[PDB]
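Novice: Letter by letter, the sequence shown follows residues 442 to 769, 773 to 797 in PDB author numbering. Note that beta-carbon positions come from the ideal geometry of N, C-alpha and C, so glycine has one too. Here it is, the structure in full.
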Amino acid sequence: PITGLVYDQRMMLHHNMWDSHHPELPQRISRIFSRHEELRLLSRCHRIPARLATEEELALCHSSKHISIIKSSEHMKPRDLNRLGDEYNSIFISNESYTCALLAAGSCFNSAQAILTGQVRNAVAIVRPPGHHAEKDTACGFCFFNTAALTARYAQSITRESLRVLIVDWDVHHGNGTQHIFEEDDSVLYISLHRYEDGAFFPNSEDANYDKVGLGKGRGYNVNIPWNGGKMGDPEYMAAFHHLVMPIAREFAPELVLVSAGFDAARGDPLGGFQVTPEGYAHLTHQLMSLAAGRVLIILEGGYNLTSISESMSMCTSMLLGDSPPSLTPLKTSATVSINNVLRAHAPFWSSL
Ligand SMILES: O=C(NO)c1ccc(Cn2ccc3ccc(C(=O)NO)cc32)cc1
Ligand SMILES: [K+]
Ligand SMILES: [K+]
Ligand SMILES: [Zn+2]
Numbered sequence: 442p443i444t445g446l447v448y449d450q451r452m453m454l455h456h457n458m459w460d461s462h463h464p465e466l467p468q469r470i471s472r473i474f475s476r477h478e479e480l481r482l483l484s485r486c487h488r489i490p491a492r493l494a495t496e497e498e499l500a501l502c503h504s505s506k507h508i509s510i511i512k513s514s515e516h517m518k519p520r521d522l523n524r525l526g527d528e529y530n531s532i533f534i535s536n537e538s539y540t541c542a543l544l545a546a547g548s549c550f551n552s553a554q555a556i557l558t559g560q561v562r563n564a565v566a567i568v569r570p571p572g573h574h575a576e577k578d579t580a581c582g583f584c585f586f587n588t589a590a591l592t593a594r595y596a597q598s599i600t601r602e603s604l605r606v607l608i609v610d611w612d613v614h615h616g617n618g619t620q621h622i623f624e625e626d627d628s629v630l631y632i633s634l635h636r637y638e639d640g641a642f643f644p645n646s647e648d649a650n651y652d653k654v655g656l657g658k659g660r661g662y663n664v665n666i667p668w669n670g671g672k673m674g675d676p677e678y679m680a681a682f683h684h685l686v687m688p689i690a691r692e693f694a695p696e697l698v699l700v701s702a703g704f705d706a707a708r709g710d711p712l713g714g715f716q717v718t719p720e721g722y723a724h725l726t727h728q729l730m731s732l733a734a735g736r737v738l739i740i741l742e743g744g745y746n747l748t749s750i751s752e753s754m755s756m757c758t759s760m761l762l763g764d765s766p767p768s769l773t774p775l776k777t778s779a780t781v782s783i784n785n786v787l788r789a790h791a792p793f794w795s796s797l
């Protein structure tokens, strides 16, 4: 029962040349890593080396044109970096962004390999920039390549094509890119919880609604749990896991679990407006560990309150390491509406609901 950890300070180099206080801060990963050290979690883990993803690996999910353009930013002048970033929705680019994105994805590849070859049982990836908004052909929402999506396809490439991967995305935002890459796929189950507000919360698309259940062979294998009209917290996320995430996950029977673990639904995050506690995140993690013979990889996505993300992700690693889940209640009626809309939408596909 070994827990793996990947972290590389070089991922700090990606930065916003025109706003040094932009919330997607280099110090997000350094503060998380320092907290793991202070709580003596880092020393209990097997340290997994970071590496660069290759261009061929990026092609598992991304087009050659998208790869080529982000790769070209390594040599761009500031004016061109500013212009290129402005072509995307909510993106800033520095000369180091491309290599930092490659390191984020390659770090998760080595961790997935460590889990699947049996070097470790589960692992945590402290990485940036994030991934789950990136699409096959575009960058978006602070994301250049879809790290989680690439890790599922990489895991299949070193095992078998039909390896069953569950991606649970508990970042407060919908992972539009992850949904789209796998929308027609029945080997990768995508389950996202996210603030939605009738499509008015970023990324501002009705793609995130409960009635997007997948396409073709992928019908049933895309589960959107959208939140409306309420500051949601531990009881809503616990209830969503009880009624939706875990029954569906168990019937899918994943062989590997990836968590797109944004912590911008955490109490104290200005971008999320929610109040999931560190104890709540620990309970979510502990529930996922009952799947896939414990093969769970926790991947940092969003999360912008430096203290909140450090405490929340540390609680997740503590659960992975086997520590007892900490001690933690009527739901907002809006959350009941949301959960029951997902249940009605997915009853045709999941007999255990
Ligand atoms: O993925 C993320 N975090 O993990 C993420 C990605 C992109 C953005 C874009 N963005 C940046 C400032 C800002 C303000 C308001 C809205 C808004 O309200 N739109 O409706 C959006 C905004 C935010 C968060
Ligand atoms: K999400
Ligand atoms: K899918
Ligand atoms: Zn987010």
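(1) Would you report the Cα separation of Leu-482 and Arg-476, rounded to the nearest angstrom?
(2) Can you list, in chain order, every residue whose CB sits closer than 7 Å to a heavy atom of ligand 3?
(3) What are the partner residues of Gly-674, as DSSP defines its beta bridges?
(4) Applying the 10 Å Cβ sphere with the 16-neighbour rule, what's the burial state of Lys-658?
(5) What are the partner residues of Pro-667, as DSSP defines its beta bridges?
(6) Would a C-beta distance cut-off of 8 Å place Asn-563 and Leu-761 closer than the cut-off?
(7) Assign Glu-498 to one of two classes, buried (16 or more other C-beta atoms within 10 Å of its C-beta) or exposed (fewer than that).
(8) Using only alpha-carbon positions, find the residue among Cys-584, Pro-667, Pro-464 and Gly-445 that is nearest to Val-561.
(9) For the beta strand (DSSP E) holding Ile-470, just list the boundary residues, first then last.
(10) Per DSSP, what are the beta-bridge partners of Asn-563 in this structure?
(11) On a Cα-Cα basis, can you pick out the residue from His-683, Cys-502, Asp-705 and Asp-460 that is closest to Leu-787?
(12) So, for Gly-763: in the same chain, excluding its five sequence neighbours on each side, which residues have a beta-carbon less than 7 Å away from its beta-carbon?
(13) How long is the line joining the alpha carbons of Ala-494 and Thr-773, rounded to whole angstroms?
(14) Determine the closest residue to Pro-676 out of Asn-663, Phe-715, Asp-705 and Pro-688, with distance taken between C-alpha atoms.
(15) Excluding sequence positions up to five away, which residues of its chain have a Cβ less than 8 Å from the Cβ of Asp-578?
Specialist: If we stick to the structure as given:
(1) Position 41 of the sequence shown, counting from 1, holds the residue named residue 482. Position 35 of the sequence shown, counting from 1, holds the residue named residue 476. If you take the alpha carbons of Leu-482 and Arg-476, they lie about 8 Å apart.
(2) Chain-ordered list of matching residues: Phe-623, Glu-624, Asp-626, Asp-627, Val-629, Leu-630, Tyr-631, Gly-655, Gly-659, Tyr-662 and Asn-663.
(3) On the sequence shown, position 233 is the one that residue 674 refers to. DSSP output for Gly-674 lists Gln-716 as bridge partner(s).
(4) By one-based count along the sequence shown, residue 658 stands at place 217. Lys-658 comes out exposed.
(5) Start at 1 with the first residue of the sequence shown, and residue 667 comes out as number 226. Beta-bridge pairing links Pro-667 to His-635.
(6) Along the sequence shown, read from residue 1 onward, the residue named residue 563 stands at position 122. Along the sequence shown, read from residue 1 onward, the residue named residue 761 stands at position 320. At a Cβ-Cβ threshold of 8 Å, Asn-563 and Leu-761 count as neighbours.
(7) By one-based count along the sequence shown, residue 498 stands at place 57. Buried, since its Cβ has 16 or more Cβ neighbours within 10 Å.
(8) Mapped onto the sequence shown, residue 561 falls at position 120. Between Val-561 and the set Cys-584, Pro-667, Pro-464 and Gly-445, the nearest pair of CA atoms involves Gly-445.
(9) Here residue 470 is taken as the residue at index 29 of the sequence shown, counted from 1. Looking at the DSSP string, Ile-470 is not in any beta strand (DSSP E); the run it does join, the alpha helix (DSSP H), is 468 to 479.
(10) Counted from its first residue, the sequence shown places residue 563 at position 122. Bridge partners of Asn-563: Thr-444.
(11) Position 343 of the sequence shown, counted from the start, is the residue given in the question as residue 787. Comparing alpha carbon positions, the residue from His-683, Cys-502, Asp-705 and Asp-460 closest to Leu-787 is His-683.
(12) What you label residue 763 is simply residue 322 of the sequence shown in a count that begins at 1. Around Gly-763: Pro-442.
(13) In the sequence shown, residue 494 corresponds to position 53, counting from 1. In the sequence shown, residue 773 corresponds to position 329, counting from 1. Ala-494 and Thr-773 have their alpha carbons spaced roughly 45 Å apart.
(14) The residue given as residue 676 occupies position 235 in the sequence shown. When only C-alpha atoms are compared, the closest one is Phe-715.
(15) As a working mapping, residue 578 is identified with position 137 in the sequence shown. Closer than 8 Å at Cβ, skipping near neighbours: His-503, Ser-504, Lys-506 and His-507.
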